[PDB]
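To start, the structure itself, in structure tokens.
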Amino acid sequence: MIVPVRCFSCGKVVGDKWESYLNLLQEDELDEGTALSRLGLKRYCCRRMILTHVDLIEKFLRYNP
Amino acid sequence: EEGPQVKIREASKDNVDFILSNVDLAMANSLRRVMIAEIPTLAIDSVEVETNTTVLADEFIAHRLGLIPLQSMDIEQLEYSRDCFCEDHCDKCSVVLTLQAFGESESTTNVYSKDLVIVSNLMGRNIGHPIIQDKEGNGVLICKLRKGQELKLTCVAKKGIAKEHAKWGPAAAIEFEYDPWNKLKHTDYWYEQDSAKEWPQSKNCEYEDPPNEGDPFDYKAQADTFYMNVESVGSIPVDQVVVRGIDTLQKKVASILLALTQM
Amino acid sequence: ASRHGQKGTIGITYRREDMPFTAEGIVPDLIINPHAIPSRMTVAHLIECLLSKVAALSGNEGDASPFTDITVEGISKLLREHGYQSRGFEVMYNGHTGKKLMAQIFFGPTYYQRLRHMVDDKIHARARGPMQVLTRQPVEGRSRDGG
Amino acid sequence: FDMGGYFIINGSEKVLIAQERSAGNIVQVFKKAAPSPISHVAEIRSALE
Amino acid sequence: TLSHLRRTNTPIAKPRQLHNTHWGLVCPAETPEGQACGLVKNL
Amino acid sequence: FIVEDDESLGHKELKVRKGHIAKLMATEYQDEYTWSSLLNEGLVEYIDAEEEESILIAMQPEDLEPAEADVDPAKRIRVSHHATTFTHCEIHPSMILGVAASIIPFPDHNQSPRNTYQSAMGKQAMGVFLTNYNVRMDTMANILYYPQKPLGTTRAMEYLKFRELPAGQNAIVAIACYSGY
Amino acid sequence: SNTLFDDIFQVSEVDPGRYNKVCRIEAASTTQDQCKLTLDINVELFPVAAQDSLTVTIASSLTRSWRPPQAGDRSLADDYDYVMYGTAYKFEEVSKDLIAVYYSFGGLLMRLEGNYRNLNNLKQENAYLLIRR
Amino acid sequence: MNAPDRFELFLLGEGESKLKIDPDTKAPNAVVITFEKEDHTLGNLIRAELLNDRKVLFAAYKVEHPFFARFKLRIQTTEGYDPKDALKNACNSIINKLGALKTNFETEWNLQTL
Amino acid sequence: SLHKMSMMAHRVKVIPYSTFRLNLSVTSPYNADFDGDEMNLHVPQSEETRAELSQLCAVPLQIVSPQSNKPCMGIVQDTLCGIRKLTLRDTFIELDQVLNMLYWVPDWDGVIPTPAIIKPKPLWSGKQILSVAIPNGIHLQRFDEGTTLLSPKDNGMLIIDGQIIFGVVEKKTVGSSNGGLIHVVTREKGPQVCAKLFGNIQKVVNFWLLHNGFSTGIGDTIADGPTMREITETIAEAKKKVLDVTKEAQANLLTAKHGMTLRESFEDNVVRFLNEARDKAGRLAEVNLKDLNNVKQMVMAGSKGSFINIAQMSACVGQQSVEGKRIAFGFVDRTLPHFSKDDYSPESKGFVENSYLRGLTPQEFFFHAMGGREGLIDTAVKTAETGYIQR
Amino acid sequence: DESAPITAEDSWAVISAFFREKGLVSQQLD
Amino acid sequence: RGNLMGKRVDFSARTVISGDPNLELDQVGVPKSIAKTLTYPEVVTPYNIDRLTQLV
RNA sequence: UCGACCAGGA
Ligand SMILES: Nc1ncnc2c1ncn2[C@@H]1O[C@H](COP(=O)(O)CP(=O)(O)OP(=O)(O)O)[C@@H](O)[C@H]1O
Ligand SMILES: [Mg+2]
Ligand SMILES: [Zn+2]
Ligand SMILES: [Zn+2]
């Protein structure tokens, strides 16, 4: 439900990364793992942040008013 | 040159990897803590909502807003709101931001940290500007809008430390290590068969020498030489996360010494 | 609680500085007691953690499906290939001093659940208040501000 | 994601819980306790579908 | 919610115990703890 | 799955073959050959608890269907296919479980009641319950700010829509003794 | 303030019973035949292998809080490598003219069995232990 | 709800001093300084440097409860040395040491090309 | 509230945050855990009612219990696990830390004790500075296995004048044991003196352990490769031992020991060979586990866990039981529809050949599931019956 | 092959196809 | 049994419990909320008179 | 402001 700004654990701004992460997988047909490190996500605390997030915001937007 | 020496291995706009030679562990760690909490940053700390036709909760967004990094360069030339003399805030103690967003497009219109805009006067000091490290130049997605989904906010960002809220954290994660070959015997490695073969050797093993088997234990041995990596989130540039970490800690020690003079 | 009947409440909340850290600057979000595991025999909790550690590094979904051919020895082999100690242990340093902890901590991700039992929905004190009509004794429940 | 399979009664989501009963028209022999004038019994729960 | 729409109730020899025949029909772990333990079944 | 001695090309084998298995997946990517298809082709059947008494079931198809004439020490100790008389084969043994038990990572590596416990707690866990939560006027609704799908997952979680509507977060758990809090 | 015992011993066996930093050493005296020793030694700071000439001294002094350095000008009564401090906790009469005294240096035990040092050894806690070479 | 304010971790309250210097009855030339609104960031550090002061006989520090930003420090000195004078000296050395770090870091940083 | 001890008088300490905070060693008399337990507080209104509590009901008074003629509270969990770790002859503390450890004792005499080792580095023993929490005139003697006034195993216990002379401190000393330190301080020194000893052991042990650390990983269940083959063949030789007694009883040669059918007598032997098996198979693993095994280290101090806890995790779970008998034929002459009829084999009637680390087979999983359910039922059924008995 | 026998992982395609057609509230509705 | 052998009572409190190693054996951590609702009725005596006024 | 059912907590 919308990408968290900053990783809970160490606080690296994971916020901007999302759109670019989705585009690495779709467009650059990269595997999730390589795509993650390409955005610069080195530690697994930051890595889970993106890798394990479920963007429910997109579902909620589907509701008209 | 002086007391404790320093050797910068690698450096960037957001990461400094150095070696702290000729120091005590306590000092090397006190510096770690200071960088984490005690350095002052600027962060959104009041979100006045006007309209929220969004799928998201006002407070969800409000929390989310503070967590956005803002230029904290000339922070030291800004009073803590609490110390200023105005009722609430002003230009001497606070930076005011304004966010207006509306879904004009049929396609999902997004709100970015770039979309916030300074309404207060900066008095000619590098502060307030939201940090955009983004390749595309947007940086941090606040939230998304549909059709007539509107969002109007006014934000007041103030000086503060991470010891009050982690949003005022100027640093990401400080990598810290000493004695890669366990020569100081500060660990008793858990093993199944061979401790040395089971445990991976850190990158720092090249910066020190392997102990040599037939060499007895050095009970006199002490740990100086600490391999560190300070990572900046963006608010303050890496060099300053270190420099201000050193000045803040100095000031803390100074206050004690100074308080002892009133006594 | 974890997905293993490993329930607990928070004792204390610590900021990052006082928290024990890996040489990589990674710190825990949560610290559970080693004492939980031996009596309870909740091996899967530890296996979840070793697999979830790998999953986070590799960016591949960890199959924690029951009747499979996934071994703890097999997961170890991958984690070692990721440059970590095969059984999930990691050396840690004390938050207060900075001195390496004599012991190496089993550290990694674990799916934790927020349960509906939050203290401020339970906490209650009554020192004289509403009385029952008939019995003339205190009323029942925090709801009615009873004793 | 809502699966259904329940009712909305006076604006309240009500779920009908399955009820475990013993099958009927089923022939079943059981032994009687130590102090009983009957040693065994054949029972049939005869009911119309 | 999913598990609520898949819940079974037993009113009233050793019914609380997990019988062999429950194999693949009823969940062997999903049951309440005490006073209704093994009476409330989950498909 | 129905198992037949009727297999001209050898021994006794599961009616359902690689053909059918792919035939299904084509209809899966097309999102003709449904569940009812296997039922009407008589490859799969409905066995009640009474009928269960007159049949012989193999747990695994492949692991309980060939013959014999080194081994991995890491794997668990398993039984043979000494049964010539196999009538049916279990689709997947993990289907003995219900909704709750199916969210448990490795329940085969736990003490029996610890699973029973979690098959109660997951119901008392927060998270997204429906995406229309914002348009419902229910008394009390608890929603997790940032849900995360788990890293350790079942093949069964798929069908349960769990990784789409999660129960918690993948927290960084350290099993240590700290301040004794 | 004076010496209470001195003899040159020799190791027979060094044993680490599941112990990484310590060992129990078994010794015999070159001086007297009747004199034997058993002693737990921190082999981390003082490594001992079998058949080593170890001059073992006991002595009363050289009771108030502990002062760490300044010893530069202080009388370092240690012209010995190893120095321990402990308590006499048992005085065994191992029959006839033989007497065994038990010492503990905070868990690190000791048992000196012999004869001549009857008078010399006192059930009084205050005892040091000096080992050279 | 029963949550104390966060600024209570550093902002000194109404009538509350940073240093409370009390003499220790237990031993001679001993003292106990209560550092208000402080943690191990300062504690362990001051304690450490005091140990190097050869004229300091005893230095230890404790944070009796983690709800409270405050810790105690026990200083014992050689007769004639005011333990206050010992703490006063220990701070200056820390400051000079840190000054050297800032000086050494600044110069070595300016040398980098990234 | 099934105890005199289930309700005790306590001093208030007004703290922030919404929970009732309580000392961990008073956990046992209440039988409280911190997994979401709630507790009741009652405020006396009279100056005479206050006295009633402070003079009869106070926690220090409740320390030695008259139902067992022993202390109802001792040192638990972290502090117990860490007290063993701190004690053992290999543990040595250097000056910098020793001084912090001493300051932590609120009743420290202000005297820095003479270090056990002076030679190059002045080092203190774990036992040495733990003895700072132990008050003078406390004399205790134990003797366990081969404890010989020079205990080579660091066996038993010897404390003279409130000073540890030899042996490790674990459950048998610092716990709620009959002859243990608590019952001794409470008797010799007093109730408020003992209530202090509790805190002072904790303040030191907890601190030391904070700076030493303790953990548990999957590595603690992992048994050695050759040891595993050894366990696996121990099961095999016992399953072959069963098969023997099975085909022999089928050949009508068996002879039943009085008050039992051939069937009843046979079933005893099956159960026996398979339980002998699990236990010896388990013992191989415990024996193969190093002193560094965190799980072994908890069983050792007596903080948490036992032999069977190791055995089932590392080696093998073993036989499953419902109503005393091994999983019986709920279906006709077969335990599940995955078996042929008249199968009496370990696998059929619920024998779990596997360890929890290895993982369970679907049949083993279901049989364990039936046996486990029996536990929850008995806890529920017989809990009211037991309650009415008290009433 | 169209006749080659099914594997272990193959079973999940049948399970996929089960719920794809049955659902989870199957029983309640039917 | 329900009204005379056992009663609902005033001057009572209940909340979630947590373990503290920095507490005395005989202490109990009382949340300020709870301390502020529960009350002890103290008699105005020359011994307390001055303190009591500052509380009122 | 009354008490019944249901669902839960240790
Ligand atoms: N129905 C019931 N009636 C009375 N008391 C109960 C109860 N259910 C639980 N309790 C109380 O809770 C105590 C133990 O239950 P729990 O705390 O839930 C298990 P645990 O101690 O957390 O872990 P464990 O399962 O490893 O023992 C009992 O001793 C009892 O005091
Ligand atoms: Mg509990
Ligand atoms: Zn991170
Ligand atoms: Zn202002």
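Chains: A, B, ... in order of the structure tokens. Residues: from 1 per chain. Ligands: from 1, in order shown.
Based on only C-alpha atoms (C1' of nucleotides) and all ligand atoms, the protein and nucleic acid residues found within 10 Å of ligand 4 are, by chain and then by number, residues 78, 79, 80, 81, 82, 83, 84, 85, 86, 87, 88, 89, 90, 91, 92, 93, 94 and 158 of chain B.
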At most 10 Å from ligand 2 (only C-alpha atoms (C1' of nucleotides) and all ligand atoms): residue list as number ranges by chain: C: 7-8; I: 31-38; K: 17; L: 9-10
Residue hits in chain A, query chain B, radius 10 Å, only C-alpha atoms, as a ChimeraX atom specification: /A:1-20,43,57-65
Selection near residue 33 (chain E), 10 Å with only C-alpha atoms (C1' of nucleotides), sequence-local residues under 3 positions removed, as a list in words: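 Neighbouring residues, sequence-local ones excluded: residues 30, 36, 37, 38 and 40 of chain E; 113, 116, 117 and 120 of chain F; 373, 376, 377, 379 and 380 of chain I.
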Exercise: residue 9 (chain J) partners within 12 Å, only C-alpha atoms (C1' of nucleotides), chain neighbours under 4 positions left out, as a ChimeraX atom specification: /C:65,67-69 /F:18,21,60-63,91-92,155 /J:13-16
Please write the residues from the selection above to a file, keeping C-alpha atoms, as a short mmCIF file (atom, residue, chain, number, x, y, z; two decimals), in the first residue's frame.
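Written out: selection00.cif:
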```
data_model
loop_
_atom_site.label_atom_id
_atom_site.label_comp_id
_atom_site.auth_asym_id
_atom_site.auth_seq_id
_atom_site.Cartn_x
_atom_site.Cartn_y
_atom_site.Cartn_z
CA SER C 65 6.07 -25.47 1.77
CA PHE C 67 6.25 -31.82 2.48
CA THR C 68 9.19 -30.93 0.20
CA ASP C 69 12.84 -31.65 -0.58
CA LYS F 18 1.93 -34.77 -18.86
CA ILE F 21 -1.04 -31.28 -16.99
CA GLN F 60 3.48 -39.03 -3.89
CA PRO F 61 2.98 -40.06 -7.54
CA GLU F 62 6.63 -40.23 -8.76
CA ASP F 63 8.07 -41.07 -5.27
CA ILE F 91 -2.96 -34.77 -5.23
CA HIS F 92 -0.65 -33.18 -2.68
CA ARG F 155 2.85 -23.25 -2.55
CA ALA J 13 -1.26 -27.41 -11.85
CA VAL J 14 -4.22 -29.69 -10.90
CA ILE J 15 -4.57 -27.85 -7.54
CA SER J 16 -4.33 -24.50 -9.42
#
```
Exercise: residue 127 (chain I) partners within 9 Å, only C-alpha atoms (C1' of nucleotides), chain neighbours under 3 positions left out, as a PyMOL selection string: (chain G and resi 106-107) or (chain I and resi 86-89+91+124+130-131+163-169)
Output of the above residues as a PDB file, in the first residue's frame, restricted to N, CA, C and O atoms:
```pdb
ATOM      1  N   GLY G 106      40.363 -18.010  43.006  1.00  0.00           N
ATOM      2  CA  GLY G 106      39.088 -17.683  42.379  1.00  0.00           C
ATOM      3  C   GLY G 106      38.603 -18.751  41.417  1.00  0.00           C
ATOM      4  O   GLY G 106      38.375 -18.477  40.239  1.00  0.00           O
ATOM      5  N   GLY G 107      38.468 -19.971  41.906  1.00  0.00           N
ATOM      6  CA  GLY G 107      38.023 -21.077  41.070  1.00  0.00           C
ATOM      7  C   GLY G 107      39.169 -21.951  40.633  1.00  0.00           C
ATOM      8  O   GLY G 107      39.033 -23.181  40.647  1.00  0.00           O
TER       9      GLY G 107
ATOM     10  N   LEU I  86      29.143 -17.001  33.411  1.00  0.00           N
ATOM     11  CA  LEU I  86      30.011 -16.135  34.205  1.00  0.00           C
ATOM     12  C   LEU I  86      30.924 -16.939  35.129  1.00  0.00           C
ATOM     13  O   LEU I  86      32.107 -16.628  35.225  1.00  0.00           O
ATOM     14  N   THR I  87      30.386 -17.982  35.775  1.00  0.00           N
ATOM     15  CA  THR I  87      31.114 -18.750  36.770  1.00  0.00           C
ATOM     16  C   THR I  87      32.343 -19.499  36.191  1.00  0.00           C
ATOM     17  O   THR I  87      33.464 -19.035  36.442  1.00  0.00           O
ATOM     18  N   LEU I  88      32.140 -20.636  35.465  1.00  0.00           N
ATOM     19  CA  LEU I  88      33.150 -21.574  34.917  1.00  0.00           C
ATOM     20  C   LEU I  88      34.602 -21.025  34.786  1.00  0.00           C
ATOM     21  O   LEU I  88      34.799 -19.953  34.212  1.00  0.00           O
ATOM     22  N   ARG I  89      35.602 -21.783  35.326  1.00  0.00           N
ATOM     23  CA  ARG I  89      37.050 -21.477  35.389  1.00  0.00           C
ATOM     24  C   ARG I  89      37.674 -20.704  34.200  1.00  0.00           C
ATOM     25  O   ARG I  89      38.649 -19.993  34.405  1.00  0.00           O
ATOM     26  N   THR I  91      36.241 -18.276  32.421  1.00  0.00           N
ATOM     27  CA  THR I  91      35.783 -16.891  32.463  1.00  0.00           C
ATOM     28  C   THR I  91      36.700 -16.026  33.336  1.00  0.00           C
ATOM     29  O   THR I  91      36.828 -16.260  34.547  1.00  0.00           O
ATOM     30  N   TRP I 124      40.373 -10.961  36.919  1.00  0.00           N
ATOM     31  CA  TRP I 124      39.450 -11.397  37.960  1.00  0.00           C
ATOM     32  C   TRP I 124      38.665 -12.595  37.449  1.00  0.00           C
ATOM     33  O   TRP I 124      38.463 -12.720  36.243  1.00  0.00           O
ATOM     34  N   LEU I 130      31.369 -12.489  41.299  1.00  0.00           N
ATOM     35  CA  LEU I 130      29.987 -12.853  41.595  1.00  0.00           C
ATOM     36  C   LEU I 130      29.849 -12.877  43.124  1.00  0.00           C
ATOM     37  O   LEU I 130      28.834 -12.446  43.664  1.00  0.00           O
ATOM     38  N   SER I 131      30.908 -13.323  43.813  1.00  0.00           N
ATOM     39  CA  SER I 131      30.995 -13.432  45.265  1.00  0.00           C
ATOM     40  C   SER I 131      30.856 -12.080  46.003  1.00  0.00           C
ATOM     41  O   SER I 131      30.693 -12.037  47.235  1.00  0.00           O
ATOM     42  N   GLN I 163      31.904 -16.171  49.653  1.00  0.00           N
ATOM     43  CA  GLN I 163      32.959 -16.244  48.642  1.00  0.00           C
ATOM     44  C   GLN I 163      32.959 -17.626  47.995  1.00  0.00           C
ATOM     45  O   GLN I 163      33.019 -18.625  48.708  1.00  0.00           O
ATOM     46  N   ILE I 164      32.901 -17.681  46.649  1.00  0.00           N
ATOM     47  CA  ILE I 164      32.932 -18.938  45.895  1.00  0.00           C
ATOM     48  C   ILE I 164      34.382 -19.433  45.831  1.00  0.00           C
ATOM     49  O   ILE I 164      35.267 -18.685  45.381  1.00  0.00           O
ATOM     50  N   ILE I 165      34.607 -20.690  46.295  1.00  0.00           N
ATOM     51  CA  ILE I 165      35.902 -21.377  46.302  1.00  0.00           C
ATOM     52  C   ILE I 165      36.027 -22.271  45.069  1.00  0.00           C
ATOM     53  O   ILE I 165      37.055 -22.223  44.398  1.00  0.00           O
ATOM     54  N   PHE I 166      34.999 -23.069  44.752  1.00  0.00           N
ATOM     55  CA  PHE I 166      35.027 -23.888  43.538  1.00  0.00           C
ATOM     56  C   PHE I 166      33.634 -24.212  43.053  1.00  0.00           C
ATOM     57  O   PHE I 166      32.668 -24.057  43.809  1.00  0.00           O
ATOM     58  N   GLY I 167      33.562 -24.720  41.818  1.00  0.00           N
ATOM     59  CA  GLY I 167      32.325 -25.178  41.199  1.00  0.00           C
ATOM     60  C   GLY I 167      31.518 -24.116  40.495  1.00  0.00           C
ATOM     61  O   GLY I 167      31.563 -22.937  40.864  1.00  0.00           O
ATOM     62  N   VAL I 168      30.749 -24.551  39.488  1.00  0.00           N
ATOM     63  CA  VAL I 168      29.908 -23.669  38.686  1.00  0.00           C
ATOM     64  C   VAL I 168      28.582 -23.386  39.390  1.00  0.00           C
ATOM     65  O   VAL I 168      28.054 -24.234  40.136  1.00  0.00           O
ATOM     66  N   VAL I 169      28.071 -22.164  39.161  1.00  0.00           N
ATOM     67  CA  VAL I 169      26.798 -21.726  39.692  1.00  0.00           C
ATOM     68  C   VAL I 169      25.793 -21.881  38.596  1.00  0.00           C
ATOM     69  O   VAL I 169      25.946 -21.325  37.510  1.00  0.00           O
TER      70      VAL I 169
END
```
For residue 8 (chain E): contacts at 9 Å, only C-alpha atoms (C1' of nucleotides), fewer than 6 positions along chain excluded, given as number ranges by chain: D: 17-20; E: 39-43
If you keep C-alpha atoms, can you produce a file of those selected residues as a compact mmCIF listing (two decimals), in the first residue's frame?
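Heads up, here's the output in again.txt:
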```txt
# COMPACT_ATOMS: atom_id res chain seq x y z
CA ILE D 17 -21.72 -22.57 10.60
CA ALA D 18 -21.75 -26.22 9.38
CA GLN D 19 -23.42 -28.62 11.84
CA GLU D 20 -21.89 -32.03 12.52
CA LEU E 39 -15.59 -30.13 18.81
CA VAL E 40 -15.05 -27.06 16.60
CA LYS E 41 -13.55 -28.43 13.35
CA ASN E 42 -12.01 -26.68 10.36
CA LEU E 43 -12.41 -28.13 6.81
```
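Distance-wise, CA of residue 59 (chain I) and CA of residue 198 (chain I) end up 11.9 Å apart.
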At a cut-off of 10 Å, can you tabulate as CSV every residue of chain C near ligand 1 together with its closest atom pair and the distance in Å to one decimal, using only C-alpha atoms and all ligand atoms and ordering rows by chain then number?
```
residue,atom,partner,partner_atom_place_in_ligand_line,distance
C:5,CA,ligand 1,25 (O),9.0
C:6,CA,ligand 1,22 (O),8.7
C:7,CA,ligand 1,22 (O),7.8
C:8,CA,ligand 1,22 (O),8.7
C:36,CA,ligand 1,26 (O),8.1
C:37,CA,ligand 1,26 (O),9.6
C:38,CA,ligand 1,26 (O),9.8
C:39,CA,ligand 1,26 (O),6.6
C:40,CA,ligand 1,26 (O),5.7
C:41,CA,ligand 1,26 (O),9.6
```
Take the residues that were just selected and, keeping N, CA and C atoms, output them as a PDB file, in the first residue's frame.
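Once everything was written out, this is result_33.pdb:
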```pdb
ATOM      1  N   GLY C   5       3.543 -19.953  16.892  1.00  0.00           N
ATOM      2  CA  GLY C   5       3.096 -19.928  18.284  1.00  0.00           C
ATOM      3  C   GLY C   5       4.121 -19.300  19.223  1.00  0.00           C
ATOM      4  N   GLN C   6       4.915 -18.364  18.683  1.00  0.00           N
ATOM      5  CA  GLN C   6       5.973 -17.637  19.371  1.00  0.00           C
ATOM      6  C   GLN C   6       5.477 -16.202  19.714  1.00  0.00           C
ATOM      7  N   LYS C   7       4.443 -16.152  20.575  1.00  0.00           N
ATOM      8  CA  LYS C   7       3.815 -14.915  21.027  1.00  0.00           C
ATOM      9  C   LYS C   7       4.639 -14.173  22.100  1.00  0.00           C
ATOM     10  N   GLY C   8       4.508 -12.854  22.122  1.00  0.00           N
ATOM     11  CA  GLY C   8       5.176 -12.009  23.100  1.00  0.00           C
ATOM     12  C   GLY C   8       4.795 -10.550  23.044  1.00  0.00           C
ATOM     13  N   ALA C  36      13.156 -19.152  24.451  1.00  0.00           N
ATOM     14  CA  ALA C  36      11.906 -19.546  23.804  1.00  0.00           C
ATOM     15  C   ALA C  36      12.007 -20.944  23.137  1.00  0.00           C
ATOM     16  N   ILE C  37      12.933 -21.062  22.194  1.00  0.00           N
ATOM     17  CA  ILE C  37      13.201 -22.180  21.302  1.00  0.00           C
ATOM     18  C   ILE C  37      13.363 -23.595  21.948  1.00  0.00           C
ATOM     19  N   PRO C  38      14.250 -23.876  22.960  1.00  0.00           N
ATOM     20  CA  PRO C  38      14.476 -25.278  23.393  1.00  0.00           C
ATOM     21  C   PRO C  38      13.284 -26.100  23.896  1.00  0.00           C
ATOM     22  N   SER C  39      12.452 -25.539  24.804  1.00  0.00           N
ATOM     23  CA  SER C  39      11.281 -26.241  25.338  1.00  0.00           C
ATOM     24  C   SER C  39      10.240 -26.401  24.235  1.00  0.00           C
ATOM     25  N   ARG C  40       9.894 -25.271  23.578  1.00  0.00           N
ATOM     26  CA  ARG C  40       8.893 -25.149  22.527  1.00  0.00           C
ATOM     27  C   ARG C  40       9.148 -26.029  21.305  1.00  0.00           C
ATOM     28  N   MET C  41      10.431 -26.292  20.939  1.00  0.00           N
ATOM     29  CA  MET C  41      10.841 -27.138  19.793  1.00  0.00           C
ATOM     30  C   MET C  41      10.222 -26.692  18.459  1.00  0.00           C
TER      31      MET C  41
END
```
Point-to-point distance from CA of residue 32 (chain B) to CA of residue 101 (chain C), Å rounded to tenths: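 Interatomic distance here is 16.8 Å.
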DSSP-assigned strand (DSSP E or B) members of chain F, reported as number ranges by chain: F: 2-4, 13-14, 17, 57-58, 88-89, 110, 125, 148, 152-153, 168-176
Spatial neighbours of residue 4 (chain J), 10 Å, only C-alpha atoms (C1' of nucleotides), chain gap at least 5 places, as a list in words: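 My list of contacting residues is residues 16, 17, 18, 19 and 20 of chain F.
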8 Å contacts from chain F to chain I using only C-alpha atoms, as a ChimeraX atom specification: /F:52-53,55-59,74-78,83,93-94,108-113,175-180
Selection from above, N, CA and C atoms, as a compact mmCIF listing (two decimals), in the first residue's frame, can you write it?
```
# COMPACT_ATOMS: atom_id res chain seq x y z
N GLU F 52 -13.36 -44.31 1.28
CA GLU F 52 -11.93 -44.25 1.61
C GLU F 52 -11.43 -45.58 2.18
N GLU F 53 -12.32 -46.33 2.86
CA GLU F 53 -12.03 -47.60 3.50
C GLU F 53 -11.68 -48.72 2.52
N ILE F 55 -10.15 -48.29 -0.58
CA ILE F 55 -9.13 -47.87 -1.55
C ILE F 55 -7.71 -47.88 -0.94
N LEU F 56 -6.68 -47.82 -1.80
CA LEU F 56 -5.29 -47.76 -1.38
C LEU F 56 -4.63 -46.56 -2.05
N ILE F 57 -4.19 -45.57 -1.24
CA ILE F 57 -3.63 -44.29 -1.70
C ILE F 57 -2.10 -44.19 -1.56
N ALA F 58 -1.43 -43.72 -2.63
CA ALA F 58 0.01 -43.44 -2.62
C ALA F 58 0.11 -41.97 -2.32
N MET F 59 1.05 -41.59 -1.46
CA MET F 59 1.26 -40.20 -1.03
C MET F 59 1.69 -39.31 -2.18
N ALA F 74 20.76 -35.43 4.05
CA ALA F 74 20.02 -34.26 4.50
C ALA F 74 18.49 -34.42 4.52
N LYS F 75 17.92 -35.19 3.56
CA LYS F 75 16.47 -35.44 3.43
C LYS F 75 15.88 -36.31 4.57
N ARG F 76 14.54 -36.29 4.76
CA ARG F 76 13.86 -37.08 5.80
C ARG F 76 13.67 -38.55 5.40
N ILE F 77 13.62 -39.46 6.39
CA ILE F 77 13.46 -40.90 6.19
C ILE F 77 12.03 -41.25 5.71
N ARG F 78 11.92 -41.71 4.44
CA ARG F 78 10.65 -42.05 3.76
C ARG F 78 10.41 -43.58 3.53
N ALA F 83 3.23 -51.66 -2.57
CA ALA F 83 1.87 -51.85 -3.00
C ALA F 83 1.78 -51.92 -4.50
N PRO F 93 -0.05 -34.04 -0.48
CA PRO F 93 -0.28 -34.27 0.95
C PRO F 93 -0.56 -33.03 1.78
N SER F 94 0.03 -31.87 1.40
CA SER F 94 -0.15 -30.62 2.12
C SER F 94 -1.61 -30.10 2.10
N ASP F 108 5.94 -29.05 9.23
CA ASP F 108 6.52 -30.39 9.33
C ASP F 108 7.85 -30.36 10.14
N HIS F 109 8.31 -29.16 10.52
CA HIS F 109 9.52 -29.03 11.33
C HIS F 109 9.16 -28.50 12.73
N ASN F 110 7.87 -28.56 13.11
CA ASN F 110 7.41 -28.08 14.41
C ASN F 110 6.77 -29.13 15.30
N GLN F 111 6.70 -28.83 16.60
CA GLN F 111 6.01 -29.66 17.59
C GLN F 111 4.51 -29.42 17.32
N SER F 112 3.77 -30.55 17.23
CA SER F 112 2.34 -30.65 16.89
C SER F 112 1.44 -29.51 17.40
N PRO F 113 1.43 -29.16 18.70
CA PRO F 113 0.50 -28.14 19.15
C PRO F 113 0.96 -26.73 18.82
N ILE F 175 17.96 -13.32 17.57
CA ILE F 175 17.70 -14.21 18.70
C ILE F 175 18.85 -14.03 19.69
N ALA F 176 18.75 -13.03 20.57
CA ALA F 176 19.81 -12.75 21.52
C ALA F 176 19.29 -12.40 22.89
N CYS F 177 20.21 -12.37 23.87
CA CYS F 177 20.00 -11.93 25.25
C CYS F 177 20.57 -10.55 25.29
N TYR F 178 19.73 -9.56 25.53
CA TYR F 178 20.31 -8.24 25.57
C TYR F 178 20.24 -7.68 26.97
N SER F 179 19.48 -6.63 27.15
CA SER F 179 19.35 -5.98 28.44
C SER F 179 18.56 -6.82 29.47
N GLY F 180 18.05 -7.97 29.06
CA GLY F 180 17.23 -8.81 29.92
C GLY F 180 15.85 -8.20 30.10
```
Proximal residues of chain A relative to chain C (only C-alpha atoms; 7 Å) as number ranges by chain: A: 9-10, 32-33, 44, 47-48, 51
